[PDB]
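> I'd like to ask some things about the structure below.
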Amino acid sequence: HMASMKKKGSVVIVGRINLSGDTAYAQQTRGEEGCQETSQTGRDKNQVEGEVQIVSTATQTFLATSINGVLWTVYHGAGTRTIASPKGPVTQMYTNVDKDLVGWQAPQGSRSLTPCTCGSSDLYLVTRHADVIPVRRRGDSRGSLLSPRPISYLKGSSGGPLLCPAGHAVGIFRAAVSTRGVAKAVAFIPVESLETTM
Ligand SMILES: COc1ccc2nc(C)c(O[C@@H]3C[C@H]4C(=O)N[C@]5(C(=O)NS(=O)(=O)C6(C)CC6)C[C@H]5/C=C\CCCCC[C@H](NC(=O)O[C@@H]5C[C@@H]6C[C@@H]6C5)C(=O)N4C3)nc2c1
Ligand SMILES: [Zn+2]
């Protein structure tokens with residue numbers, strides 16, 4: 001009934017992938033209980049830091065990556081949801097279901113990656129466990145893992161970055177090509193597609 005219809009909660013930042021020093025490591029900044037409460041109100045007062053955020057809904061958890069002042073993630077994780085912020089829910093400024101892409105304004109305190117113009121095919125994928133996986137670019141939006149591993153290790157890392165040797169953002173992790181449960185290649189949203197969407 002109309003009086004009963006509920007509203008989906010906001011995406012909530014629950015942690016980050018720390019790439020500050022020489023050792024990548026995941027940090028949690030908000031627990032389950034706090035995440036639930038923040039998703040309902042859309043009011044997140046936590047300080048935000050870094051380029052790669054760990055984000056959650058009531059049912060999913062994935063990554064979001066800041067590039068050129070926009071926090072990017074995948075549509076199949078975020079849908080059309082708002083993101084929580086200190087002043088309330090923030091509406092998406094980019095939504096493209098054909099690209100599996102959404103974006104909000106980068107939160108205050110975050111840092112943005114620079115789009116890559118190197119043209120290099122030696123990439124690095126950052127997972128939600130702070131694993132840095134070498135990936136060879138095989139096309140406009142595909143890349144192969146130098147060391148294949150079960151898809152279990154990539155699950156929950158959509159929205160994470162593929163980086164060039166210089167640490168520029170080359171793309172956003174979107175999907176995994178699996179053979180008998182082994183991820184041999186990944187699909188990503190090229191940064192050029194982000195720059196065109198912008
Ligand atoms: C609804 O509107 C839209 C619009 C566009 C759209 N576009 C997609 C390509 C898509 O695909 C979905 C989600 C994605 C995924 O799970 N992505 C992760 C990830 O981690 N998600 S997540 O855990 O964070 C989660 C679910 C958010 C919380 C990185 C993977 C990690 C492990 C894979 C797990 C088994 C799955 C293997 C699968 N493979 C594959 O589809 O391969 C194909 C497409 C291209 C390579 C070829 C053939 C795969 O990867 N999928 C399945 N849904 C949509 C939906
Ligand atoms: Zn580069």
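Simple scheme: letters A, B, ... for chains in structure tokens order, numbers from 1 for residues in each chain, numbers from 1 for ligands in the order shown.
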Going by DSSP on the backbone, which residues of range 27-106 of chain A come out as strand (DSSP E or B)? List them as a ChimeraX atom specification.
/A:27-28,43,52-56,61-67,70-73,83,85,90,94-96,101-105
> Would you name the residues within 12 Å of ligand 2, counting only C-alpha atoms and all ligand atoms, and put them as a ChimeraX atom specification?
/A:113-124,162-171,191
> Each residue of range 100-198 of chain A lying at most 12 Å from range 10-22 of chain A should get a row with its shortest atom-to-atom pair and the distance in Å to one decimal, counting only C-alpha atoms; could you produce that, ordered by chain and increasing number, as CSV?

```
residue,atom,partner,partner_atom,distance
A:102,CA,A:11,CA,11.8
A:103,CA,A:11,CA,11.6
A:104,CA,A:11,CA,10.6
A:106,CA,A:13,CA,11.9
A:107,CA,A:13,CA,10.1
A:110,CA,A:16,CA,10.3
A:111,CA,A:20,CA,10.8
A:113,CA,A:19,CA,11.4
A:126,CA,A:17,CA,8.3
A:127,CA,A:17,CA,8.3
A:128,CA,A:17,CA,6.7
A:129,CA,A:17,CA,7.6
A:130,CA,A:17,CA,5.8
A:131,CA,A:17,CA,9.4
A:132,CA,A:19,CA,10.2
A:157,CA,A:17,CA,10.8
A:160,CA,A:17,CA,9.5
A:161,CA,A:17,CA,10.7
A:163,CA,A:19,CA,11.9
A:167,CA,A:19,CA,10.1
```
> Taking the backbone alone, and naming residues the way the document does, which bits of range 18-151 of chain A are helix (DSSP H, G or I) by DSSP, as number ranges by chain?
A: 32-41, 75-78, 151
> For CA of residue 192 in chain A and CA of residue 153 in chain A, determine how far apart the two atoms are, in Å to one decimal place.
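Between these atoms lies a distance of 26.9 Å.
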> Select the residues contacting ligand 1 at a distance of at most 6 Å, based on only C-alpha atoms and all ligand atoms, then format the selection as a ChimeraX atom specification.
/A:60-62,75-77,97-98,100,151,154-158,174-177,186-187
> For residue 35 in chain A, please output as a PyMOL selection string all residues within 12 Å (counting only C-alpha atoms; exclusion window: fewer than 3 positions along the same chain).
chain A and resi 9-15+28-32+38-46+54-61+83-84
> Given the selection you just returned, output its residues as a file containing C-alpha atoms, formatted as a PDB file, in the first residue's frame.

```pdb
ATOM      1  CA  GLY A   9      18.875   3.131   1.869  1.00  0.00           C
ATOM      2  CA  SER A  10      21.941   5.030   0.769  1.00  0.00           C
ATOM      3  CA  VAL A  11      25.292   3.546  -0.134  1.00  0.00           C
ATOM      4  CA  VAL A  12      27.549   3.840   2.922  1.00  0.00           C
ATOM      5  CA  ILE A  13      31.334   4.073   3.048  1.00  0.00           C
ATOM      6  CA  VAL A  14      32.446   1.399   5.532  1.00  0.00           C
ATOM      7  CA  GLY A  15      36.194   1.493   4.943  1.00  0.00           C
ATOM      8  CA  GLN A  28      37.291  -0.612   8.198  1.00  0.00           C
ATOM      9  CA  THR A  29      35.840   2.670   9.445  1.00  0.00           C
ATOM     10  CA  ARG A  30      32.244   1.641  10.247  1.00  0.00           C
ATOM     11  CA  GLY A  31      30.669  -1.542  11.590  1.00  0.00           C
ATOM     12  CA  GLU A  32      27.518  -3.347  10.513  1.00  0.00           C
ATOM     13  CA  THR A  38      23.764   5.418   8.296  1.00  0.00           C
ATOM     14  CA  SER A  39      22.139   3.783   5.263  1.00  0.00           C
ATOM     15  CA  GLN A  40      18.677   4.674   6.591  1.00  0.00           C
ATOM     16  CA  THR A  41      19.397   8.323   7.438  1.00  0.00           C
ATOM     17  CA  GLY A  42      21.941   9.031   4.711  1.00  0.00           C
ATOM     18  CA  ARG A  43      23.872  11.011   7.341  1.00  0.00           C
ATOM     19  CA  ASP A  44      27.540   9.949   7.502  1.00  0.00           C
ATOM     20  CA  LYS A  45      29.736  12.165   9.692  1.00  0.00           C
ATOM     21  CA  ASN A  46      32.874  10.023   9.419  1.00  0.00           C
ATOM     22  CA  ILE A  54      34.837   0.214   0.593  1.00  0.00           C
ATOM     23  CA  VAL A  55      31.085   0.746   0.295  1.00  0.00           C
ATOM     24  CA  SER A  56      28.044  -1.254   1.345  1.00  0.00           C
ATOM     25  CA  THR A  57      24.288  -1.394   0.981  1.00  0.00           C
ATOM     26  CA  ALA A  58      21.949  -3.481   3.120  1.00  0.00           C
ATOM     27  CA  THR A  59      22.675  -6.474   0.866  1.00  0.00           C
ATOM     28  CA  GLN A  60      25.951  -5.902  -1.027  1.00  0.00           C
ATOM     29  CA  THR A  61      29.494  -4.666  -0.472  1.00  0.00           C
ATOM     30  CA  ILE A  83      25.372   7.957  -1.010  1.00  0.00           C
ATOM     31  CA  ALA A  84      25.457   9.005   2.634  1.00  0.00           C
TER      32      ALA A  84
END
```
> Work out how far apart CA of residue 26 in chain A and CA of residue 188 in chain A are and give it in Å to one decimal.
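Between CA of residue 26 in chain A and CA of residue 188 in chain A the gap works out to 21.5 Å.
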> So, with only C-alpha atoms as the atoms that count, which of A:172, A:139, A:85, A:189 lies closest to residue 125 in chain A?
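Closest to residue 125 in chain A of all the choices is A:172.
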> Which value, in Å to one decimal, gives the distance between CA of residue 49 in chain A and CA of residue 72 in chain A?
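One can read the CA of residue 49 in chain A to CA of residue 72 in chain A distance as 15.0 Å.
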> Go through A:96, A:66, A:112, A:105 one by one, measure the shortest atom-to-atom distance of each to residue 82 in chain A using only C-alpha atoms, and give the residue with the smallest value.
A:105
